[PDB]
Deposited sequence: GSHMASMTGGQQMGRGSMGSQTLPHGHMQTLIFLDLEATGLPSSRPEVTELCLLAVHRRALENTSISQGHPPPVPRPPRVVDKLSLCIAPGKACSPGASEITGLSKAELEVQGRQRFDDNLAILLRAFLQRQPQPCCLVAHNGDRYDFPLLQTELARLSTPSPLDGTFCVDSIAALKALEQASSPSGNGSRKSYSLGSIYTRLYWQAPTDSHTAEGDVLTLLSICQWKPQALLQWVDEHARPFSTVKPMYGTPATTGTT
């Protein structure tokens, strides 16, 4: 382009469940990362047919799915759709978002060939600023420091405009594949759904991602800590 940050070598599909929506000062209850090398995406076969079948996930993938005890209760709305509550997370012995979690994420990211780019649906307004806020509370250094990120809503908008309607995760998936997504509002279900829409046009997605990746350190926290 020249590419502003070089080729993204690893795409990290990311999904968070949390206790509520942005004005509630929400906290994370579940986290899922799906790390895919760009080779896996460029090896995805072209989406043919109307509709095309849902693309097959790459064989080679690193996956991390974690349930996390938040510091405050879930809104009733959040619990009904995620199937999670703070109390039941604690009955199941889930720990808080803590320094160890940060050390876990860092080691997971370091397994990936660099640089890594986080991909989340509406990430620019939800997942990235939320995650930035969770990590901010920790005295521990951010494990996301040399990482990049993109919002898949912008990606799919550009990809479909390259070919009114909704750009919610489920809407896009149903429009592309004429099927309902499964396990919605679980971190891993919605991450796998996200993987599928991004595999719709894998080459165009990588190109767009390389051009719009931005440092996660420029992400503004969703809300302030004490």
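Stretches of the deposited sequence left without coordinates are 1-20, 184-190, 254-259, in sequence order.
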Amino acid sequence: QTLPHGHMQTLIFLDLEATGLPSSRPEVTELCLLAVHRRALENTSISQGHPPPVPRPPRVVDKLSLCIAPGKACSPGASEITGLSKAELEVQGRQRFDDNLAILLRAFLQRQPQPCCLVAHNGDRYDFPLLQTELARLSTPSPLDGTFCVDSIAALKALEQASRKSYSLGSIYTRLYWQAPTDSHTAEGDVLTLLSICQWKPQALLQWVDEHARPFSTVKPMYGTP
From here on, numbers count along this sequence of modelled residues.
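Under this definition, the rigid core comprises the largest set of C-alpha atoms superposing within 1.5 Å between the forms.
Relative to the shown model and aligned on the rigid core, the C-alphas in 6 other deposited structures of this protein deviate most, among 125-133 and 139-147, for 139-147. Averaged as a root mean square over residues and superposed structures in 6 other deposited structures of this protein, CA distances to the shown form are larger in 176-184; the pair compared was 22-30 and 176-184 with a core fit. Among other compared entries that model residues flanking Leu159, every one gives it coordinates, keeping it clear of the one-third cutoff.
Averaged over Cα atoms, the B-factor as recorded in the entry is higher for 77-85 than for the other of 77-85 and 120-128.
Relative to its counterpart among 179-187 and 63-71, 179-187 has the higher mean temperature factor, C-alpha atoms as listed in the PDB entry. In this entry, the residue among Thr218, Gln203, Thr19, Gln9 with the greatest C-alpha B factor is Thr218. For the set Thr29, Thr193, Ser168, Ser45, the maximum C-alpha B-factor listed in the entry falls on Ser45.
Among the modelled residues of its chain, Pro58 has a C-alpha B-factor that falls in the middle third, as given in the PDB entry. Among the modelled residues of its chain, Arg137 has a C-alpha B-factor that falls in the highest third, as given in the PDB entry. Ranked by Cα temperature factor within the chain, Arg38 sits in the middle third according to the deposited record. Annotation for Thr174: CA B-factor lies in the middle third of the chain's modelled residues.
For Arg96, the recorded CA B-factor ranks within the middle third of the chain. Only modelled residues enter the ranking.
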